[PDB]
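Residue numbers (the entry's author numbering), protein chains in the order written: chain A, 1 to 141; chain C, 1 to 141; chain D, 1 to 146; chain B, 1 to 146.
Cβ atoms here follow ideal geometry from the backbone N, Cα and C, with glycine treated the same way.
As structure tokens, the structure follows; a few thoughts come after it.
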Amino acid sequence: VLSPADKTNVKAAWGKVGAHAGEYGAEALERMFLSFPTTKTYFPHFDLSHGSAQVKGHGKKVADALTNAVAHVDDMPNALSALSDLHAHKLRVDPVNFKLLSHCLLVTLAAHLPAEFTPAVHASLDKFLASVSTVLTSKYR
Amino acid sequence: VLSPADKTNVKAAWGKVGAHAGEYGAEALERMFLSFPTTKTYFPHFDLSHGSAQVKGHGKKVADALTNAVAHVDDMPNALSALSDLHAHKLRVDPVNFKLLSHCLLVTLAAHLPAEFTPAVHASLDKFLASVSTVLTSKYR
Amino acid sequence: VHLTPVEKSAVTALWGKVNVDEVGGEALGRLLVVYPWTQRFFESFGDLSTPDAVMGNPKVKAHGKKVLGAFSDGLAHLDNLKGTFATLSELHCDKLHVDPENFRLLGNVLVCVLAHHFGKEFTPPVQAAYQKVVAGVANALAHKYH
Amino acid sequence: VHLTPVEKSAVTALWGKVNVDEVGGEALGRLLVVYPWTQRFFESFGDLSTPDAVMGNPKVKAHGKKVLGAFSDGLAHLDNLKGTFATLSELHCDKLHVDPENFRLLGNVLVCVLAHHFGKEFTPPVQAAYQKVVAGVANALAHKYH
Ligand code: HEM
Ligand code: HEM
Ligand code: HEM
Ligand code: HEM
């Protein structure tokens, strides 16, 4: 349930990421694969070599739909509905994994937003994080 | 979402419950605790020996709960409105057991319907205790 | 994750009335129908477009039987399961790519078959033994990831 | 638990630097607040109505150190944490009653406070090994519940 305050908090923090976003989307996940190797089960065809070009677009791609949910906080099912139809239907990512990755993201902002990243801000962010694997979970009947 | 496919399916094994209702709720709660032991954390002053009179009303008490939900499946969140308020502020049970109490229901549920339990059916079923469980996890944060 | 001989025995002793083959094309069977994205792995298989389709498919009764025979055997090496499936796990990891959270979703879609198949003998407590065994296999099924 | 040579090494080096009743009142400060429901163990405690009422609570301030100097003395029996954390596991559960996802909740919490206390210093395999590490840590005070 994103509150209002929750809501301008996600927005000033995504705010500051201004442009490292698909830089943060690749560290995101660089992280994901070494702290929880399972997730790599799902990426068998990638060069998931540190600094691999492979993950560097993914990442980028991978932080773009977030910045766009950041922007539709108010309408996300829609926003991401397209995205919602791939995850659930081709991919068949185990929804269990949604939590790892959001684990991981929190976790890259932490070390790039020394003090934008308030305790009242992680709060705010876990839930954005949260809200976000649901909708992508939803397609999932 | 649960589809209306889903709905009848639920309304229907639930009808054979009807009234043993209270008893699927305690054998429930009873494999609860012997299999997932940890849940027990929640009932430090409940007598949980086989047979407890406590567990017993817990279960008519857990069951009556789901009949309510079921009879209300469209109005699901205003339905359980109030209970929703209830484990989120009162007992603030971690969330992870929800998923734990849901499964073993299924299994009594399970094991009580020789016939009644189509996986057609069985899927309909895991499916309503997860919204059922989402409702309830709704005002946590 | 150590089991007890009390329990440890519910597993391996009630197992006894188990016909592997129809227990697997169904457990195997209720997975793909209850957790639809386990489908993930078999468009190799045919119509998995309905419960009915699903569930009727020989290719699926075919693999489940195979998946719970391998099962049987590990209730044979309880003291040693990691022990038993290492070979058996590198294999799903290294080679098969399976998102091992599929081991717990089947342990449990199978606690559920067993539910449905045995009725009143599936007691809370054999239920539960039944419970560390599926979990540890789940978990020995899992030890070789990296 | 199962750390590595250049793991434990990395391990061992991130904490000379952890500032312990500091990161400490900090994490538990944050758990209280990220996922407000662990709050249930601490009303003897006073205002948690707020993050700030919350970061300034002293009782929390306090209790928190407790929990990490608890924690910093186990980074020493790395080697057998089931061993060093048995009485504690023996008590979260007998007296206390805390729900073990919790210990799993604060480990994730303690990796975001480091994350944020440390910057590019905390890279991904040091992240990776402290992960490996609060992993065994909670694995370790849950060991005996029953
Ligand atoms: C916030 C959570 C996530 C978001 C916003 C997200 C977003 C995206 C987008 C925008 C695409 C690519 C295709 C396209 O639109 O042209 C994508 C692809 C993909 N994602 Fe997700 N993702 C998320 C979580 C996960 C997780 C937890 C996994 C697990 C393995 C995952 C696995 C994949 C794969 C395999 C692809 C296609 C990469 C490829 O197809 O080459 N994603 N994701
Ligand atoms: C299907 C999910 C669940 C449903 C529908 C459900 C339903 C209910 C209902 C009606 C009540 C009683 C509230 C009242 O007095 O008016 C209740 C109480 C309670 N529930 Fe939940 N419950 C669920 C899961 C859980 C779980 C997973 C736990 C902890 C593991 C839990 C712990 C409790 C406790 C401790 C009470 C109060 C016990 C006592 O008061 O003396 N419930 N539940
Ligand atoms: C008890 C849990 C499981 C056990 C014990 C198990 C065991 C086995 C065994 C013995 C094999 C034979 C492979 C070989 O040596 O050639 C196998 C193959 C296989 N299993 Fe696993 N499995 C489990 C779960 C799963 C799950 C959850 C999936 C996907 C949901 C899966 C997908 C497969 C696939 C795709 C193959 C290879 C088949 C081929 O070429 O047809 N298994 N399993
Ligand atoms: C791995 C995570 C944790 C560690 C290492 C830890 C460690 C400790 C230790 C070493 C004690 C001293 C107990 C004594 O022996 O008097 C303690 C007390 C306690 N913990 Fe655990 N704790 C953890 C998590 C939690 C959690 C999550 C809670 C509730 C969230 C909790 C609730 C309490 C209480 C009430 C006490 C005694 C405090 C007081 O009476 O004023 N602990 N904790």
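Distance, residue j Cα to residue i Cα
{"i": "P4 of chain A", "j": "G119 of chain B", "result": "29 angstroms"}
{"i": "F122 of chain D", "j": "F43 of chain C", "result": "25 angstroms"}
{"i": "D64 of chain C", "j": "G57 of chain C", "result": "10 angstroms"}
{"i": "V1 of chain C", "j": "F42 of chain D", "result": "25 angstroms"}
{"i": "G22 of chain A", "j": "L31 of chain D", "result": "36 angstroms"}
{"i": "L34 of chain C", "j": "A82 of chain A", "result": "43 angstroms"}
{"i": "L101 of chain C", "j": "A28 of chain C", "result": "8 angstroms"}
{"i": "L141 of chain D", "j": "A10 of chain D", "result": "21 angstroms"}
{"i": "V73 of chain C", "j": "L80 of chain C", "result": "10 angstroms"}
{"i": "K40 of chain A", "j": "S52 of chain A", "result": "14 angstroms"}
{"i": "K90 of chain A", "j": "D47 of chain D", "result": "16 angstroms"}
{"i": "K61 of chain C", "j": "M32 of chain C", "result": "15 angstroms"}
{"i": "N102 of chain B", "j": "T38 of chain B", "result": "7 angstroms"}
{"i": "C104 of chain C", "j": "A69 of chain C", "result": "18 angstroms"}
{"i": "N97 of chain C", "j": "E116 of chain A", "result": "34 angstroms"}
{"i": "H117 of chain B", "j": "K66 of chain B", "result": "19 angstroms"}
{"i": "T4 of chain B", "j": "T84 of chain B", "result": "19 angstroms"}
{"i": "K99 of chain A", "j": "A130 of chain A", "result": "8 angstroms"}
{"i": "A111 of chain A", "j": "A19 of chain A", "result": "16 angstroms"}
{"i": "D73 of chain B", "j": "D21 of chain B", "result": "13 angstroms"}
{"i": "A26 of chain A", "j": "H50 of chain A", "result": "10 angstroms"}
Closer than 9 angstroms at the beta carbon, the chain A residues around residue i
{"i": "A140 of chain B", "result": "Residues of chain A passing the Cβ test: none, with the nearest at roughly 18 angstroms."}
Whether residue i touches residue j by CB criterion (8 angstroms)
{"i": "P58 of chain D", "j": "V33 of chain D", "result": "no"}
{"i": "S138 of chain C", "j": "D6 of chain C", "result": "no"}
{"i": "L88 of chain D", "j": "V23 of chain D", "result": "no"}
{"i": "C112 of chain B", "j": "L48 of chain A", "result": "no"}
{"i": "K127 of chain A", "j": "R92 of chain C", "result": "no"}
{"i": "residue 163 of chain B", "j": "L81 of chain B", "result": "One cannot answer for residue 163 of chain B here, as it falls past the ends of chain B, which runs 1 to 146."}
{"i": "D99 of chain D", "j": "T108 of chain A", "result": "no"}
{"i": "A86 of chain B", "j": "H143 of chain B", "result": "yes"}
{"i": "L66 of chain A", "j": "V132 of chain A", "result": "yes"}
{"i": "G29 of chain D", "j": "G64 of chain D", "result": "yes"}
{"i": "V134 of chain B", "j": "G107 of chain B", "result": "yes"}
{"i": "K8 of chain B", "j": "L105 of chain B", "result": "no"}
{"i": "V1 of chain D", "j": "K95 of chain D", "result": "no"}
{"i": "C93 of chain D", "j": "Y145 of chain D", "result": "yes"}
{"i": "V121 of chain A", "j": "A13 of chain A", "result": "yes"}
{"i": "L91 of chain B", "j": "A27 of chain B", "result": "no"}
Beta-carbon neighbours of residue i, restricted to chain A and to distances below 7 angstroms
{"i": "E101 of chain D", "result": "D94 and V96"}
{"i": "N19 of chain B", "result": "Per Cβ cutoff of 7 angstroms: no residues; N19 of chain B is ~15 angstroms from chain A at best."}
8 angstroms Cβ cut-off: residues of chain A touching residue i
{"i": "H146 of chain D", "result": "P37"}
{"i": "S138 of chain C", "result": "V1"}
Contact list for the region 101–130 of chain A against chain C, Cβ threshold 7 angstroms: Hits within the stretch, in order: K127.
Chain-ordered residues of the region 23–46 of chain A with a beta carbon less than 8 angstroms from chain B: Flagged, chain order: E27, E30, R31, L34, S35 and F36.
Contact list for the region 27–58 of chain B against chain C, Cβ threshold 7 angstroms: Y35, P36, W37, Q39 and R40
Members of the region 112–123 of chain D near chain C, C-beta cut-off 7 angstroms: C112, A115, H116, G119 and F122
Contact list for the region 72–102 of chain B against chain C, Cβ threshold 8 angstroms: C93, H97, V98, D99, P100, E101 and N102
Chain-ordered residues of the region 123–137 of chain D with a beta carbon less than 7 angstroms from chain C: Per Cβ criterion, the list reads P124, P125, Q127, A128 and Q131.
Chain D contacts from the region 61–92 of chain A (Cβ-Cβ distance under 8 angstroms): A88, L91 and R92
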